[PDB]
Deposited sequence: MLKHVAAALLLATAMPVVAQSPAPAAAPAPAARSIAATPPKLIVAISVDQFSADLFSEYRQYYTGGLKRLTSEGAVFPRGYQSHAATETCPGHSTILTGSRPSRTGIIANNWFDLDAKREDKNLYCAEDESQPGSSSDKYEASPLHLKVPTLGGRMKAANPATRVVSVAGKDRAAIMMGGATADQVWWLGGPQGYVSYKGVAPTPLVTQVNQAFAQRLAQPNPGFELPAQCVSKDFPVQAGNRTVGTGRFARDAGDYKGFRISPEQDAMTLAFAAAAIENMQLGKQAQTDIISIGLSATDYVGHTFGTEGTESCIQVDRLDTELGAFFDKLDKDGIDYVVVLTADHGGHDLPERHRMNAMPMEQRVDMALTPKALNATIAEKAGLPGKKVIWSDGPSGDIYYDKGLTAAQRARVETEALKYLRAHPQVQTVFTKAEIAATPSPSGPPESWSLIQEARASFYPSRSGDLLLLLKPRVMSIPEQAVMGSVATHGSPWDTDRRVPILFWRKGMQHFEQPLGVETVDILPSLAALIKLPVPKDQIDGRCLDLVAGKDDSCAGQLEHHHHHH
């Protein structure tokens, strides 16, 4: 395409895409096979293959809270998907990251979605504050993804709610756009999927791996009509979320008005697939290839609409394969966390509250945990609080620096438990659900791609570490939106190769 600087003029539409659990490892592995939307981003864009969700709590909610805020979880206050507030009024002291726990009859298992917990504005919030004509849209496969990318002043915030399709906050009625999208969704759900044949690059991954009662490695997303769980844990939900995003962009004429609009898009399938099957089998392989194809179709659609958009694509965190397959592929030391460290057992052994066998622990320990062979280390609250907000290259932060980046005194635990590398925080069970997960302070789970693209820009690759908190000021520079450096943690990334500087 004709040469044109990414910063020549303000883009009219910002498109922010978070691919859930799209780790730099997974991205890098299949990079040579992209032919569609991911090929466009990597061959033509500003490529940061070593981006960081730099904090320790490498989960969905903290991760999405960084992408469009320029703020680490230490500032957003979103320190995990769940944390305890033992002073909460209601019986259930466990709080969901994206709920309003003050709502009566609520619990972490039955909550009302809300951006209440988020302490800073999003990029959309900042744009709207500077210019009220700005539209801010956020759609995703998970409520916490949509909510944290959009922020409290977003115009439209929609997420996949179950077999009924996309929904929003309590009281928000489906619009003509949404009923039409949900009509299309219901039609798709009502069709069988015979499955996807393997892309050439997925053929090598086609072998079964046992993990407890389960077998993974060979799935092709065959499913019955009406099987919503199958739909959810498949490339199909991403295709739908992108179709939704495209329909919203066109219906609302985003990017076709005087001011810049913004839409954030949380593509959730890669994460469900990674949890359910691990990351190196046919299932993830098919999903990443479909992701490439569907993003291609999406970008082509916006292109044909004549929209001047800039794209940023990244992930909310990385990911990690199930130990059972790692042990087959030259990593014999990979293992599952001792059942003794899970919440009930650990409390009985040690009086404490915890949501899993790592992360924040709350007093209603050090000696037992530090002696355990699978435990890397345990920080006290005071130790973390004593640590200054980290700066410098995120690829070489210490563990306590990582902890400090997702430390928020009024929400964080009294202890922070960190497991050794290559310990999967899902214990072995006769019957298992998820076989793999992220959430560790280690590089597989922190390291994510950050890709920027606008038609005609000059490609470059920058392999040194950057942070996802850098995304907001990078984008804000393009639209000449002032963002005081003292209100955020990130720095502006120059997106103009060579001498000129977008910052």
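- When the deposited sequence is numbered from 1, the segments without any C-alpha atom are 1-29, 380-389, 404-417, 557-567.
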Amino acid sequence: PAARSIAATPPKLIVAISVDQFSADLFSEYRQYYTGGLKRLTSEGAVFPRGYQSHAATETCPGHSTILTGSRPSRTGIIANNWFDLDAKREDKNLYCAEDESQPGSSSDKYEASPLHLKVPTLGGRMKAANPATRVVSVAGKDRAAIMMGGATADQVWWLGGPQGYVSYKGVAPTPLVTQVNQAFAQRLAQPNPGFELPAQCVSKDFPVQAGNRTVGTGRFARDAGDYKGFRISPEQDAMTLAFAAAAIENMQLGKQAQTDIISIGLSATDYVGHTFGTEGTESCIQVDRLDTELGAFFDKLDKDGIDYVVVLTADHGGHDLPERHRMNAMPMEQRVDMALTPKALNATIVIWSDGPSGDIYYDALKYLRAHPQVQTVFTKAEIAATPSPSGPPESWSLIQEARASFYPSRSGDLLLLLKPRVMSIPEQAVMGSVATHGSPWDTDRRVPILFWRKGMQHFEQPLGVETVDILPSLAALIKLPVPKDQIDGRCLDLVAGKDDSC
From here on, numbers count along this sequence of modelled residues.
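- On average the C-alpha atoms of 451-459 have higher B-factors than those of the other stretch, with 451-459 and 45-53 being the two compared.
- Judged by mean Cα B factor in the deposited record, 126-134 ranks above the other of 126-134 and 288-296.
- Listed residues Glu280, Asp143, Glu383, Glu395 were ranked by CA B-factor as deposited; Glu383 comes out on top.
- Of the candidates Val423, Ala330, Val351, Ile147, the PDB record gives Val351 the highest C-alpha temperature factor.
- When the CA B factors of the chain's modelled residues are split into thirds, the value for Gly151 lands in the lowest one.
- The deposited CA B-factor of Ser107 belongs to the highest third of values across its chain.
- In this PDB entry, the Cα temperature factor of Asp321 sits in the bottom third of its chain's modelled residues, the lowest group.
- In the PDB entry, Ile488 places in the middle third of its chain by CA B-factor.
- For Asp261, the recorded CA B-factor ranks within the middle third of the chain. Only modelled residues enter the ranking.
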